[PDB]
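The lines below spell out each chain.
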Amino acid sequence: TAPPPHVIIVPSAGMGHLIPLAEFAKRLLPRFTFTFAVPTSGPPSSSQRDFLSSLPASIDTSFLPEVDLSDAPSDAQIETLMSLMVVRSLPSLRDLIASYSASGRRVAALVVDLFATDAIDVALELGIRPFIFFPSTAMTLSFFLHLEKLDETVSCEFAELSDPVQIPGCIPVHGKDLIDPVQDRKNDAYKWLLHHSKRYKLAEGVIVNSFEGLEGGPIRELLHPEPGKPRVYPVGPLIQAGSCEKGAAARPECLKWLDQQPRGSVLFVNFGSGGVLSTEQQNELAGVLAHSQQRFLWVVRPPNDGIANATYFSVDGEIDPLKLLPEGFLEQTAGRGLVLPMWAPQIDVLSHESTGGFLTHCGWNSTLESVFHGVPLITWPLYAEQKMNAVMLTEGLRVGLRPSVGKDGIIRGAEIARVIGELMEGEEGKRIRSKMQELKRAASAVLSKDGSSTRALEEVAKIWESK
Ligand SMILES: O=c1ccn([C@@H]2O[C@H](COP(=O)(O)OP(=O)(O)O[C@H]3O[C@H](CO)[C@@H](O)[C@H](O)[C@H]3O)[C@@H](O)[C@H]2O)c(=O)[nH]1
């Protein structure tokens, strides 16, 4: 038996990046051992500790000594804070790598998050293969690689463009729909994003959680070799498994309800833990759901701008979101819909045969989970690159419908009802379902014993073991 080479992972964001990073590492076990070298600006969170400690033994964690970010403006976007966090943690990253190399272990590669590219300098100085793990779309990867050119050939704010931005190999996108950090070109967020995009060519490869059957255009453009463009390895869809392949067979309460409903008849509504809606926006959605004949399963959170404090609370002690719904919504909805507070077993809901639709904020892991299990989408993007994902999902793949937002930022009930009704019982909804089932089959194929994605993973492992 050969000694497993060691690989170090530097994440820069929260769970949306840890989950796919962990899945990537699990696919490569036990050939390698892994260390999550997590930069921090304070005591690690309980969810971080719990998620990383639940991983197989070959993946351990090191929470780097926290850096001081108090000098940054309180207006600083997360991109700026992540870049500062990684840059200031690099000496501790050297120390961690030293602890491994001084014991005789071979450090084969350094896998950096999309905002941790400054750690590539460490890898280069130590003779370690630097790779970038890209937990988003090939379309967003293409945009990153083209950001330099776009920055030089456009002076105004991108929203002010009248024509849609053309990214090599992707559907056009309006400047207003481009990622959050580029909406204020004067903010440090944009300068950091630009700085990181120019460093992708320093890596030996970019590992992207997508596949050609989902993003044909961008992936074929990216695989086409050009000098100054890194190798790209499509390995998606990397997603967690369901609780069926976990352990005890105890059934959550929402899945009991889903069994009682008929096939493909429930619209799952989940904006994610960072998708709090205003009171008005949540009232517009509730009103449509109350007057609808559609069965739904809706995860709700306390709005961000309640006129008054909370009066009701849950046993744990947090604000009770259900007592904030409109008067009589719960009685009006009983039987047809089930409202859940804060969280739900998303993957298992999407794998349920009764689930027929998914109203989502278009987080890429959620998109990938919906695609793998074949649940068509209502694309309700909110922040980060979700608007880009929505354009590609609705106007490119045509596996969802996007409700138009108003001039005040509100998606009125008319648009919510339009997309719900079309998806769940219109004629376009059947064509969208057929297409999504085709992508479901393509997603299982690339993960097959000999598929596009499994071979790309094998290529990465081979490169790491080489030389
Ligand atoms: O109530 C919930 C909410 C989430 N999840 C799971 O937690 C993950 C959430 O994934 P995702 O929707 O992608 O979370 P985000 O935090 O929104 O992802 C961030 O990171 C992604 C990768 O860059 C980007 O695509 C997103 O835009 C960005 O917001 C998934 O595995 C969910 O199945 C649950 O089980 N229950």
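Method of determination, as given in the entry header: X-ray crystallography; reported resolution: 2.40 Å.

A few words on the environment of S354. For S354, the location among the structural elements is in the loop between α11 (346-351) and β11 (355-360). With relative accessibility at 2%, the residue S354 sits in the buried group. Remark: the alpha-carbon pair of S354 and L267, spanning 87 residues in sequence, is separated by 9.2 Å. Excluding its chain neighbours within four sequence positions, the residues that come into contact with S354 are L258, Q261, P262, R263, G264, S265 and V266.

Close to the ligand lie 20 residues; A344, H361, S366, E369 and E385 are nearest. Between the ligand and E385 there is a distance of 2.6 Å, counted from an oxygen atom to a side-chain nitrogen or oxygen. A total of 720 Å² of accessible area belongs to the ligand in isolation, and the protein chains cover 84% of it. If you list the elements that add at least two residues to the shell around the ligand, you get α1 (15-27) and α12 (364-373). Considering every element that reaches the shell around the ligand, the biggest residue donor is α12, with four residues. Its residues assigned to classes, the shell around the ligand shows seven nonpolar, ten polar and three charged. Looking at the shell around the ligand, you find at least three residues from each of domain 1 (1-236 + 449-467) and domain 2 (251-448).

The strand order β10-β9-β8-β11-β12-β13 describes an open sheet built from six strands, whose pairing is parallel. Bordering the open sheet on either side are β10 (337-341) and β13 (400-401), each of which pairs with just one other strand. Sheet strands touched by helix α8 (residues 253-260): β8 (266-270), β9 (295-300), β10 and β11. Its angle to β9, the strand with the most contacts, is close to 165°.

A word on the packing of helix α5 (residues 138-153) against helix α7 (residues 216-223). Across the interface, α5 lies against α7 with an axial gap of 8 Å and an inter-helix angle of 45°. For the element pair α5 / α7, the angle class is oblique. Note on packing geometry: the crossing formed by α5 with α7 is left-handed. Between α5, through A138, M139, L141, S142 and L145, and α7, the contact on the second element is made entirely by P218, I219 and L222. Grouping the constituent residues of the contact of α5 with α7 by class yields seven nonpolar, one polar and no charged.

This next bit is on the pairing of strand β5 (residues 129-134). When you tally the buried positions in β5, you get six out of six residues, the bulk of the element. Covered by surrounding structure in β5 are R129, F131 and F133 together with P130, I132 and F134, the residues of both alternating faces. A crossover connection joins strand β4 (residues 107-112) to the parallel β5 through helix α4 (residues 120-125); in handedness this β-α-β unit is right-handed. As paired elements, β5 and strand β6 (residues 205-208) share four bridges and run parallel to each other. Across the sheet, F133 pairs through a bridge with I207, a residue of β6.

Within helix α13 (residues 386-396), eight of the eleven residues are buried, leaving the element largely enclosed by the surrounding structure. The set of residues buried in α13 consists of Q386, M388, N389, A390, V391, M392, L393 and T394. For α13, the secondary structure elements touched by its buried residues are α5, α12, β12 (377-379) and β13. Positive backbone phi, at 55°, marks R398, one or two positions downstream of α13.

Let us look at helix α15 (residues 427-446). With 20 residues, α15 extends 30 Å between its outermost C-alpha atoms, agreeing within 8% with the 28 Å of an ideal straight helix rising 1.5 Å per residue. Of the positions making up α15, those classed as buried are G429, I432, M436, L439, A443 and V446. Summarising the axial view, the buried residues of α15 lie within an arc of 100°, below the 170-degree limit, and thus occupy one face. Opposite its buried face, α15 presents the exposed residues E427, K430, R431 and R441, each directed more than 90 degrees away. Against α12, β12, β13, α14 (413-425) and α16 (452-465) lie the buried residues of α15.

Here the focus is the packing of aromatic side chains. Under the definition given, this model contains 14 aromatic pairs. Here the aromatic rings of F24 and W464 are separated by 5.9 Å at their centres, their planes lie at 90°, and the arrangement is edge-to-face. With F24 in helix α1 and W464 in helix α16, this pair connects stretches of sequence that are 440 residues apart. When sorted by exposure, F24 lands in the same class as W464, which is buried. For the pair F131 and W464, a centre-to-centre distance of 5.9 Å together with 70° between the ring planes defines the contact as edge-to-face. Placement of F131 in strand β5 and of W464 in helix α16 is noted, with a sequence separation of 333 residues between them. By relative accessible area, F131 is classed as buried at 0%. Among the residues examined, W464 registers a relative accessible area of 0% and is labelled buried. Grouping aromatic residues by their ring pairs yields a cluster made of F24, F32, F34, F131, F133, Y233 and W464. The side chain of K323 reaches across the aromatic face of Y312, ending 4.4 Å from its centre.

Here the focus is the pairing of β6. Side-chain alternation along β6 places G205 and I207 on one buried face and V206 and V208 on a second face that is also buried. Both β6 and strand β7 (residues 232-234) contribute to a ladder of three bridges, which runs parallel. The partner of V208 across the bridge, within β7, is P234. Taking the sense of rotation as the criterion, the β-α-β connection linking β6, α7 and β7 turns out right-handed.

If you walk through the whole model with that rule in mind, you get 20 salt bridges. A salt bridge links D71 to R88, with the nearest nitrogen and oxygen atoms 2.9 Å apart. Taken together, the residues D71 in the loop between β3 (59-63) and α3 (78-101) and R88 in helix α3 connect sequence positions 17 residues apart. One network of salt bridges, in which partners are shared, links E280, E284, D408 and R412.

Rules and cut-offs
All residue numbers refer to a per-chain count from 1 along the written sequence rather than necessarily to the numbering of the entry. Residues that lack coordinates are not shown. Hydrogens are left out, water is left out, and the side-chain values use all remaining heavy atoms of the structure. Helix and strand definitions here come from DSSP, where helices need a minimum of 4 consecutive H or I residues and strands a minimum of 2 consecutive E residues; each element is numbered from the N-terminal end. Between buried and exposed lies partly exposed: a residue is buried under 20% and exposed over 50% of the maximum accessible area for its type, with that area taken using a 1.4 Å probe on protein chains only. Should any heavy atoms of two residues lie within 4.5 Å, those residues are considered in contact. Only a single heavy atom is needed: when it lies within 4 Å of a molecule or strand, its residue is near that molecule or strand. Any N or O atom pair separated by 3.5 Å or less is treated as a polar contact, with the protein-specific requirement of one donor-capable and one acceptor-capable atom, and with residues adjacent in sequence counted only for side-chain atom pairs. Accessibility throughout is a Shrake-Rupley quantity obtained with a 1.4 Å probe, and a residue counts as covered only by protein chains that appear here. Each residue gets one of three labels, nonpolar for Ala, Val, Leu, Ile, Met, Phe, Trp, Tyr, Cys and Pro, charged for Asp, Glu, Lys and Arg, and polar for the others, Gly among them. Domain segmentation is taken from an automatic or database assignment of domains. DSSP bridges decide pairing: two strands pair if at least two such bridges lie between them. Comment: axis = line fitted to C-alpha atoms, over the contacting stretch for helices; angle = value between 0 and 180 degrees taken between N-to-C directions. Convention used here: angles under 35 degrees read as roughly parallel, angles over 145 as roughly antiparallel, angles from 65 to 115 as roughly perpendicular, and any remaining angle as oblique. In this scheme the handedness of a crossing depends on how the near helix is turned from the far one: anticlockwise by less than a right angle means left-handed, clockwise means right-handed. For the handedness criterion, the strands are oriented away from the viewer, and a crossover whose path from the first strand over the helix to the second runs clockwise is classed as right-handed. The span one expects for a helix is its residue count, reduced by one, times 1.5 Å. Picture the helix axis, draw a direction to every C-beta atom, and the arc is the one those directions span. Think of it this way: a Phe, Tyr or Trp ring, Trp meaning its six-membered ring, pairs with another when their centres are within 6.5 Å, and the plane angle makes it stacked under 30 degrees, edge-to-face over 60, tilted otherwise. Two limits define a charge over a ring: the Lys NZ or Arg CZ must be within 6 Å of the ring centre, and within 35 degrees of the ring normal. One speaks of a salt bridge when a side-chain nitrogen belonging to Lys or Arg is within 4 Å of a carboxyl oxygen belonging to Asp or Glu.

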